[PDB]
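Coming up are structure 1 and structure 2: the same protein chain in two forms, each one given alone as structure tokens.
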Structure 1
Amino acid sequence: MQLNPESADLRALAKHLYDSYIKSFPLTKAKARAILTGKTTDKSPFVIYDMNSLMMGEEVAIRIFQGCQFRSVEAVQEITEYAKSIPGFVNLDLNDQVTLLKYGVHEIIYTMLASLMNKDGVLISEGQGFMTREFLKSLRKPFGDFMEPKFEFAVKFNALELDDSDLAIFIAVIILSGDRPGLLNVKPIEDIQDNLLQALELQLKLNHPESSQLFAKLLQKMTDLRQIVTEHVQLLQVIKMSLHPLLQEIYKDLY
């Protein structure tokens, strides 16, 4: 591996994407991690770990889903804005742009949800609450099974120890998937993804000397992410059961 015009153009793409990521996403992984380790005086979250702490702290399913889906709108707008900054993206057929985001945003939401999770739980009410994993898991079926696979994904994903620089290229790779159903012009999307993949591979070698197969492990995680999105459809069937209104409100902030 050599330092040359190719590599410099790839480091320039990585920087361009990092900058547009920072403009596009107010809640970064660095900020999330800071909250979870108790640095941010500003945000010291109340921990909800059981029914009693739930009270102090202040189809049911379909209603939750209607809720979170509408609350995703801000994230969807941020990712859409982020996509406009990927070189070539706005030159693609408009329908493909829309198809790429329609499928991609769910994967990106779960990717950025991992930033808000550790093994103990997940940040809620934008940094102000912390819902424990085992409390969520304790709830009655089917609700108890909702978040547990995302924690499983998040623990394995967070163990890769990606930073925001890494994540900005990863997210771009996800957006530019040539296999999404109904794409019209697969080739120009693959052309962009090829370039982003090169940038990601360089980024990971420079930023992660500890793990020389991180590139592959991180691509495999796209498979995991695809599975979690797909599992939501199968959970609609399992569902076809009362739940405390405060837990309903909390679930509407997850995904």
Structure 2
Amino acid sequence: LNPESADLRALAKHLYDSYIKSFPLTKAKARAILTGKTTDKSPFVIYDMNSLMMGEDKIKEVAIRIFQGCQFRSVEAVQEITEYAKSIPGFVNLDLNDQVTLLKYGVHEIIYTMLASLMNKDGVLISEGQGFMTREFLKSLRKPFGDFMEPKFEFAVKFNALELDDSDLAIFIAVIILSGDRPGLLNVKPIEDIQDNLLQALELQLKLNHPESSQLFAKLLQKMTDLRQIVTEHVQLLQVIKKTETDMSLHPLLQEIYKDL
């Protein structure tokens, strides 16, 4: 109903379109799988060691093998997030060093945001929705691996209570990427100008898509604080594993992201 609000609607639709093309497992598909809907197939459930071995047939010790699988999927997600970032208007026109800095510090916050879409209080979807690993099984793994996912479930349960959908999440993750407060940025003003447009589009999106949810925009921005805490704790646990497991190797792409965080 306004020239400016029409541009914000166009930006919201552009990003939702790019989000669908970049991320193969959407929140809508994940919910259809988690709530037994007829549009998708039921997953094989891994709740103990026997189901894990039968799951490896259907779909290093156990804990390290699961940890390696998570880091493989995180590498895949970095690739998907990088592809999505390039579709955000203005992102590819930024200084190349700043594009790398924004992704270095942004990918982990986005991974945990999108991981919540695959989670409920009972567990997490794996193998592109083919499987489901229980929260209790992950918590039963030998230390320090049994503590890696628990804080992610705590965040996911709170974040999922906002009931965001894919069109909401597309603009939210773009806002996370264009954060002008990352360490080492050379040209902050161009980044903040883009983030302002994205925040304007996110605000209008949440008002139209959730007309009964008061201050959902503020509640969602307050979750960006929960995401930082999760990222910091995750890095601390990786340092513990680095010294305890001299045999374990971390992917080069993930190695560069963690350096000097």
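Just so we're on the same page, residue numbers count up from 1 along structure 1's sequence. Definition used throughout: the rigid core is the maximal C-alpha set that superposes within 1.5 Å between two forms.
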Inset, instruction - Shifts of 2 Å or more in the Cα, rigid core superposed between structures 1 and 2, apply to only one of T28, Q220, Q198, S53; name it. - result: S53
Inset, instruction - For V229, decide whether the Cα shift between structures 1 and 2 is 2 Å or greater, given a superposition on the rigid core. - result: no
Inset, instruction - Once the core is aligned, please say if the CA of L136 is shifted by at least 2 angstroms between structures 1 and 2. - result: yes
Inset, instruction - For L10, decide whether the Cα shift between structures 1 and 2 is 2 Å or greater, given a superposition on the rigid core. - result: no
Inset, instruction - Provide the displacement, in Å, of the CA of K39 between structures 1 and 2, taking the core as the superposition reference. - result: 2.1
Inset, instruction - Would you look up how far the C-alpha of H106 moves between structures 1 and 2 when the rigid core is overlaid, in angstrom? - result: 0.3
Legend entry - Value in Å for the CA shift of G67 between structures 1 and 2, taken after the core is superposed: 5.8
